[PDB]
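Q: Just dropping this structure here.
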Amino acid sequence: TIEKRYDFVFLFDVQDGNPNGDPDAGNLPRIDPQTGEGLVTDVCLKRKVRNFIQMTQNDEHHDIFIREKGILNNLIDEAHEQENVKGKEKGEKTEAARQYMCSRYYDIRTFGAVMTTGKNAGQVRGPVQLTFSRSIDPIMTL
DNA sequence: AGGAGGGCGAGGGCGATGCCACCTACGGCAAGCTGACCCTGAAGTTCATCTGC
């Protein structure tokens, strides 16, 4: 684990596309309606981190909490099919499954993952957290 | 077009729902009368009546 509380500003651009143009309440890039400032959802940037790590790390201890063929209950059950098959005493079983999701998956280590879904792998609060990235000036949507 | 529209799990926990006394006081529950008339008796004789003379 780390020992310093890094806090950062990420300034990223978008030139000729949707930064996070999937506000399915519509489709125009996610804007702040009262300012017109764009709102790249922090989950969009987290999915970008997921995709980068998937392209690059592509290893155990750096798994991604993956795309479409990533039905989450299946991945979470893969935590309950290991050292904590059943011998972890549900209160500790969830903790151990959560620990395995951390160690194995780079995303649950970096960000979190609501995993209390199938054989509940607990909640990870995501040491690294991004916030809704908003544009400094209001974005015009071409 | 084709999207996906929640997944999860919690929705009480705790104790208390009574404490206190009282649930009667007072007095009267009668008054006044009546509770029966009437007869019907034994024993004997009289007296009116009947039968027989």
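In the structure tokens, chains take letters A, B, ... by order of appearance, with residues numbered from 1 within each chain and ligands from 1 in the order shown.
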Tell me, counting only C-alpha atoms (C1' of nucleotides), for each residue of range 13-52 of chain A within 12 Å of range 5-27 of chain B, which pair of atoms is nearest and how far apart they are in Å to one decimal, in rows ordered by chain and increasing number, as a tab-separated table.
A:
residue	atom	partner	partner_atom	distance
A:23	CA	B:5	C1'	11.8
A:24	CA	B:5	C1'	9.1
A:25	CA	B:5	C1'	10.0
Q: Please identify every residue of chain A that has at least one atom no more than 12 Å from any atom of chain B, counting only C-alpha atoms (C1' of nucleotides), and report them as a list in words.
A: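 Every residue of chain A that passes the 12 Å test is in residues 22, 23, 24, 25, 27, 68, 71, 72, 73, 113, 114, 115, 116, 117, 118, 119, 120, 121, 122 and 123 of chain A.
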Q: May I have the residues from that selection written out with N, CA, C and O atoms, as an mmCIF file, in the first residue's frame?
A:
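Saved result, again22.cif, follows:
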data_model
loop_
_atom_site.group_PDB
_atom_site.id
_atom_site.type_symbol
_atom_site.label_atom_id
_atom_site.label_comp_id
_atom_site.auth_asym_id
_atom_site.auth_seq_id
_atom_site.Cartn_x
_atom_site.Cartn_y
_atom_site.Cartn_z
ATOM 1 N N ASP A 22 -21.959 10.030 -23.436
ATOM 2 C CA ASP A 22 -22.946 8.986 -23.233
ATOM 3 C C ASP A 22 -23.900 9.342 -22.093
ATOM 4 O O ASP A 22 -24.240 8.462 -21.291
ATOM 5 N N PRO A 23 -24.397 10.598 -21.984
ATOM 6 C CA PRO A 23 -25.476 10.840 -21.026
ATOM 7 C C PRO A 23 -26.782 10.379 -21.618
ATOM 8 O O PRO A 23 -27.531 11.166 -22.201
ATOM 9 N N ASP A 24 -27.060 9.095 -21.465
ATOM 10 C CA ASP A 24 -28.129 8.441 -22.197
ATOM 11 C C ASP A 24 -29.483 9.109 -21.994
ATOM 12 O O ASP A 24 -30.446 8.790 -22.696
ATOM 13 N N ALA A 25 -29.569 10.042 -21.049
ATOM 14 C CA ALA A 25 -30.655 11.010 -21.059
ATOM 15 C C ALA A 25 -30.355 12.053 -22.129
ATOM 16 O O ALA A 25 -30.018 13.199 -21.820
ATOM 17 N N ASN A 27 -27.938 12.410 -25.867
ATOM 18 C CA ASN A 27 -26.623 11.916 -26.252
ATOM 19 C C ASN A 27 -25.539 12.977 -26.273
ATOM 20 O O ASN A 27 -24.362 12.614 -26.344
ATOM 21 N N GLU A 68 -17.762 -6.022 -21.505
ATOM 22 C CA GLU A 68 -18.993 -6.784 -21.703
ATOM 23 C C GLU A 68 -18.923 -8.239 -21.275
ATOM 24 O O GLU A 68 -19.805 -8.708 -20.549
ATOM 25 N N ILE A 71 -19.590 -10.134 -16.895
ATOM 26 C CA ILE A 71 -20.757 -10.223 -16.028
ATOM 27 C C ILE A 71 -20.246 -10.288 -14.600
ATOM 28 O O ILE A 71 -19.542 -11.229 -14.221
ATOM 29 N N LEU A 72 -20.587 -9.274 -13.804
ATOM 30 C CA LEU A 72 -19.851 -9.022 -12.573
ATOM 31 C C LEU A 72 -20.025 -10.148 -11.569
ATOM 32 O O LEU A 72 -19.083 -10.486 -10.846
ATOM 33 N N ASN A 73 -21.220 -10.726 -11.493
ATOM 34 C CA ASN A 73 -21.430 -11.830 -10.568
ATOM 35 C C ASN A 73 -20.462 -12.968 -10.838
ATOM 36 O O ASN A 73 -19.985 -13.615 -9.904
ATOM 37 N N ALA A 113 -15.226 -1.100 -6.240
ATOM 38 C CA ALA A 113 -16.240 -1.811 -7.001
ATOM 39 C C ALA A 113 -17.324 -2.238 -6.038
ATOM 40 O O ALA A 113 -17.039 -2.932 -5.061
ATOM 41 N N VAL A 114 -18.553 -1.817 -6.295
ATOM 42 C CA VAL A 114 -19.665 -2.417 -5.588
ATOM 43 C C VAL A 114 -19.679 -3.868 -6.006
ATOM 44 O O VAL A 114 -19.960 -4.193 -7.162
ATOM 45 N N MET A 115 -19.355 -4.740 -5.075
ATOM 46 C CA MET A 115 -19.264 -6.149 -5.360
ATOM 47 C C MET A 115 -20.231 -6.939 -4.512
ATOM 48 O O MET A 115 -20.337 -8.155 -4.685
ATOM 49 N N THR A 116 -20.971 -6.276 -3.634
ATOM 50 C CA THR A 116 -21.903 -6.972 -2.771
ATOM 51 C C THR A 116 -23.110 -7.400 -3.576
ATOM 52 O O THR A 116 -24.232 -7.034 -3.231
ATOM 53 N N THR A 117 -22.903 -8.179 -4.635
ATOM 54 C CA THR A 117 -23.984 -8.494 -5.559
ATOM 55 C C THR A 117 -24.326 -9.977 -5.580
ATOM 56 O O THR A 117 -25.467 -10.343 -5.282
ATOM 57 N N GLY A 118 -23.377 -10.842 -5.906
ATOM 58 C CA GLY A 118 -23.663 -12.259 -5.950
ATOM 59 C C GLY A 118 -23.284 -12.900 -4.638
ATOM 60 O O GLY A 118 -23.939 -12.671 -3.618
ATOM 61 N N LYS A 119 -22.234 -13.706 -4.646
ATOM 62 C CA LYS A 119 -21.582 -14.086 -3.401
ATOM 63 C C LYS A 119 -20.774 -12.870 -2.989
ATOM 64 O O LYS A 119 -19.620 -12.708 -3.376
ATOM 65 N N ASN A 120 -21.404 -12.003 -2.194
ATOM 66 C CA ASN A 120 -20.959 -10.629 -1.979
ATOM 67 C C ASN A 120 -19.464 -10.523 -1.738
ATOM 68 O O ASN A 120 -18.955 -11.042 -0.744
ATOM 69 N N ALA A 121 -18.752 -9.853 -2.637
ATOM 70 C CA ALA A 121 -17.341 -9.582 -2.433
ATOM 71 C C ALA A 121 -17.106 -8.237 -1.773
ATOM 72 O O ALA A 121 -16.035 -7.649 -1.944
ATOM 73 N N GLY A 122 -18.088 -7.727 -1.050
ATOM 74 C CA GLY A 122 -17.897 -6.527 -0.269
ATOM 75 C C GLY A 122 -17.836 -5.283 -1.126
ATOM 76 O O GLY A 122 -17.939 -5.309 -2.346
ATOM 77 N N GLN A 123 -17.660 -4.165 -0.441
ATOM 78 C CA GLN A 123 -17.501 -2.867 -1.066
ATOM 79 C C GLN A 123 -16.047 -2.461 -0.942
ATOM 80 O O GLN A 123 -15.455 -2.593 0.131
#
Q: Residues of chain A in strand (DSSP E) according to DSSP, as a list in words?
A: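 The strand (DSSP E) subset of chain A is residues 37, 38, 39, 40, 113, 114, 123, 124, 133, 134, 135, 136, 137 and 138 of chain A.
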Q: DSSP on the backbone: which residues in range 26-89 of chain A end up as helix (DSSP H, G or I)? Give the answer as number ranges by chain.
A: A: 42-56, 72-79
Q: Could you dump the residues just selected with N, CA and C atoms as a PDB file, in the first residue's frame?
A:
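The resulting file, out-v9.pdb, is reproduced below:
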ATOM      1  N   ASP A  42     -16.604  10.898 -13.770  1.00  0.00           N
ATOM      2  CA  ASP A  42     -15.405  10.249 -13.268  1.00  0.00           C
ATOM      3  C   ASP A  42     -15.393   8.770 -13.608  1.00  0.00           C
ATOM      4  N   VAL A  43     -16.567   8.168 -13.804  1.00  0.00           N
ATOM      5  CA  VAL A  43     -16.588   6.775 -14.221  1.00  0.00           C
ATOM      6  C   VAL A  43     -16.124   6.641 -15.660  1.00  0.00           C
ATOM      7  N   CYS A  44     -16.304   7.673 -16.483  1.00  0.00           N
ATOM      8  CA  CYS A  44     -15.756   7.619 -17.833  1.00  0.00           C
ATOM      9  C   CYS A  44     -14.240   7.571 -17.793  1.00  0.00           C
ATOM     10  N   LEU A  45     -13.632   8.419 -16.968  1.00  0.00           N
ATOM     11  CA  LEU A  45     -12.183   8.396 -16.845  1.00  0.00           C
ATOM     12  C   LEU A  45     -11.718   7.109 -16.194  1.00  0.00           C
ATOM     13  N   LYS A  46     -12.517   6.569 -15.282  1.00  0.00           N
ATOM     14  CA  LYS A  46     -12.175   5.288 -14.686  1.00  0.00           C
ATOM     15  C   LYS A  46     -12.221   4.176 -15.723  1.00  0.00           C
ATOM     16  N   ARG A  47     -13.197   4.217 -16.630  1.00  0.00           N
ATOM     17  CA  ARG A  47     -13.226   3.246 -17.716  1.00  0.00           C
ATOM     18  C   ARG A  47     -12.053   3.451 -18.659  1.00  0.00           C
ATOM     19  N   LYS A  48     -11.608   4.694 -18.834  1.00  0.00           N
ATOM     20  CA  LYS A  48     -10.384   4.929 -19.594  1.00  0.00           C
ATOM     21  C   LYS A  48      -9.180   4.296 -18.910  1.00  0.00           C
ATOM     22  N   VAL A  49      -9.088   4.432 -17.588  1.00  0.00           N
ATOM     23  CA  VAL A  49      -8.005   3.789 -16.848  1.00  0.00           C
ATOM     24  C   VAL A  49      -8.098   2.279 -16.995  1.00  0.00           C
ATOM     25  N   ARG A  50      -9.311   1.743 -16.904  1.00  0.00           N
ATOM     26  CA  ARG A  50      -9.519   0.316 -17.093  1.00  0.00           C
ATOM     27  C   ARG A  50      -9.019  -0.129 -18.454  1.00  0.00           C
ATOM     28  N   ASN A  51      -9.376   0.614 -19.498  1.00  0.00           N
ATOM     29  CA  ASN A  51      -8.966   0.240 -20.843  1.00  0.00           C
ATOM     30  C   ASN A  51      -7.458   0.333 -21.006  1.00  0.00           C
ATOM     31  N   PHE A  52      -6.838   1.370 -20.444  1.00  0.00           N
ATOM     32  CA  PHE A  52      -5.388   1.475 -20.540  1.00  0.00           C
ATOM     33  C   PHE A  52      -4.710   0.309 -19.844  1.00  0.00           C
ATOM     34  N   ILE A  53      -5.143   0.000 -18.623  1.00  0.00           N
ATOM     35  CA  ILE A  53      -4.509  -1.077 -17.877  1.00  0.00           C
ATOM     36  C   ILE A  53      -4.763  -2.411 -18.561  1.00  0.00           C
ATOM     37  N   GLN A  54      -5.945  -2.575 -19.159  1.00  0.00           N
ATOM     38  CA  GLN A  54      -6.246  -3.780 -19.920  1.00  0.00           C
ATOM     39  C   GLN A  54      -5.323  -3.914 -21.119  1.00  0.00           C
ATOM     40  N   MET A  55      -5.063  -2.806 -21.811  1.00  0.00           N
ATOM     41  CA  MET A  55      -4.130  -2.839 -22.928  1.00  0.00           C
ATOM     42  C   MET A  55      -2.708  -3.120 -22.468  1.00  0.00           C
ATOM     43  N   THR A  56      -2.325  -2.630 -21.290  1.00  0.00           N
ATOM     44  CA  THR A  56      -0.921  -2.609 -20.898  1.00  0.00           C
ATOM     45  C   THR A  56      -0.571  -3.676 -19.868  1.00  0.00           C
ATOM     46  N   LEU A  72     -20.587  -9.274 -13.804  1.00  0.00           N
ATOM     47  CA  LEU A  72     -19.851  -9.022 -12.573  1.00  0.00           C
ATOM     48  C   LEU A  72     -20.025 -10.148 -11.569  1.00  0.00           C
ATOM     49  N   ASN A  73     -21.220 -10.726 -11.493  1.00  0.00           N
ATOM     50  CA  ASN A  73     -21.430 -11.830 -10.568  1.00  0.00           C
ATOM     51  C   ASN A  73     -20.462 -12.968 -10.838  1.00  0.00           C
ATOM     52  N   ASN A  74     -20.146 -13.225 -12.108  1.00  0.00           N
ATOM     53  CA  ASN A  74     -19.210 -14.299 -12.424  1.00  0.00           C
ATOM     54  C   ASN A  74     -17.818 -13.994 -11.888  1.00  0.00           C
ATOM     55  N   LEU A  75     -17.332 -12.776 -12.119  1.00  0.00           N
ATOM     56  CA  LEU A  75     -16.023 -12.400 -11.601  1.00  0.00           C
ATOM     57  C   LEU A  75     -16.002 -12.486 -10.085  1.00  0.00           C
ATOM     58  N   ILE A  76     -17.051 -11.977  -9.440  1.00  0.00           N
ATOM     59  CA  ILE A  76     -17.127 -11.989  -7.984  1.00  0.00           C
ATOM     60  C   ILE A  76     -17.154 -13.414  -7.453  1.00  0.00           C
ATOM     61  N   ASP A  77     -17.902 -14.299  -8.106  1.00  0.00           N
ATOM     62  CA  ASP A  77     -17.893 -15.698  -7.701  1.00  0.00           C
ATOM     63  C   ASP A  77     -16.514 -16.311  -7.871  1.00  0.00           C
ATOM     64  N   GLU A  78     -15.737 -15.835  -8.844  1.00  0.00           N
ATOM     65  CA  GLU A  78     -14.363 -16.309  -8.944  1.00  0.00           C
ATOM     66  C   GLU A  78     -13.544 -15.974  -7.707  1.00  0.00           C
ATOM     67  N   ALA A  79     -13.978 -15.002  -6.907  1.00  0.00           N
ATOM     68  CA  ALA A  79     -13.338 -14.786  -5.618  1.00  0.00           C
ATOM     69  C   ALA A  79     -13.760 -15.836  -4.607  1.00  0.00           C
TER      70      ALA A  79
END
Q: To one decimal place in Å, what is the distance between CA of residue 1 in chain A and CA of residue 96 in chain A?
A: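 Atom-to-atom, CA of residue 1 in chain A and CA of residue 96 in chain A are spaced 16.8 Å apart.
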Q: What's the separation between CA of residue 132 in chain A and CA of residue 2 in chain A, in Å to one decimal place?
A: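 We find that CA of residue 132 in chain A and CA of residue 2 in chain A lie 23.8 Å from each other.
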Q: Give me, please, the distance in Å between CA of residue 15 in chain A and CA of residue 38 in chain A, quoted to one decimal.
A: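 Taking CA of residue 15 in chain A and CA of residue 38 in chain A, their separation equals 13.0 Å.
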Q: With only C-alpha atoms (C1' of nucleotides) as the counted atoms, please give the residues lying no more than 12 Å from residue 9 in chain A, apart from itself and same-chain residues fewer than 3 positions off, as a PDB file with N, CA and C atoms, in the first residue's frame.
A:
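As written to disk, out_23.pdb reads:
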ATOM      1  N   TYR A   6      -1.675  11.306  -2.091  1.00  0.00           N
ATOM      2  CA  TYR A   6      -1.639  12.045  -3.340  1.00  0.00           C
ATOM      3  C   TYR A   6      -3.021  12.603  -3.634  1.00  0.00           C
ATOM      4  N   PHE A  12      -7.525  17.223 -18.894  1.00  0.00           N
ATOM      5  CA  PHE A  12      -7.489  16.487 -20.150  1.00  0.00           C
ATOM      6  C   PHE A  12      -8.416  17.130 -21.167  1.00  0.00           C
ATOM      7  N   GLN A 129      -9.628   7.970  -6.239  1.00  0.00           N
ATOM      8  CA  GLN A 129     -10.937   8.413  -6.682  1.00  0.00           C
ATOM      9  C   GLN A 129     -10.784   9.603  -7.598  1.00  0.00           C
ATOM     10  N   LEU A 130     -11.434   9.518  -8.743  1.00  0.00           N
ATOM     11  CA  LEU A 130     -11.649  10.653  -9.613  1.00  0.00           C
ATOM     12  C   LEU A 130     -13.008  11.248  -9.293  1.00  0.00           C
ATOM     13  N   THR A 131     -13.156  12.530  -9.574  1.00  0.00           N
ATOM     14  CA  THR A 131     -14.437  13.197  -9.458  1.00  0.00           C
ATOM     15  C   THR A 131     -14.905  13.613 -10.839  1.00  0.00           C
ATOM     16  N   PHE A 132     -16.177  13.996 -10.923  1.00  0.00           N
ATOM     17  CA  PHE A 132     -16.730  14.395 -12.208  1.00  0.00           C
ATOM     18  C   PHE A 132     -15.867  15.479 -12.814  1.00  0.00           C
ATOM     19  N   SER A 133     -15.198  15.153 -13.904  1.00  0.00           N
ATOM     20  CA  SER A 133     -14.304  16.106 -14.523  1.00  0.00           C
ATOM     21  C   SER A 133     -15.142  17.103 -15.301  1.00  0.00           C
ATOM     22  N   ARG A 134     -15.088  18.367 -14.905  1.00  0.00           N
ATOM     23  CA  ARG A 134     -15.845  19.401 -15.584  1.00  0.00           C
ATOM     24  C   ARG A 134     -14.914  20.330 -16.341  1.00  0.00           C
TER      25      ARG A 134
END
Q: Smallest atom-to-atom distance to residue 59 in chain A: which of A:4, A:125, A:109, A:104, using only C-alpha atoms?
A: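 With only C-alpha atoms as the atom set, the closest residue is A:104.
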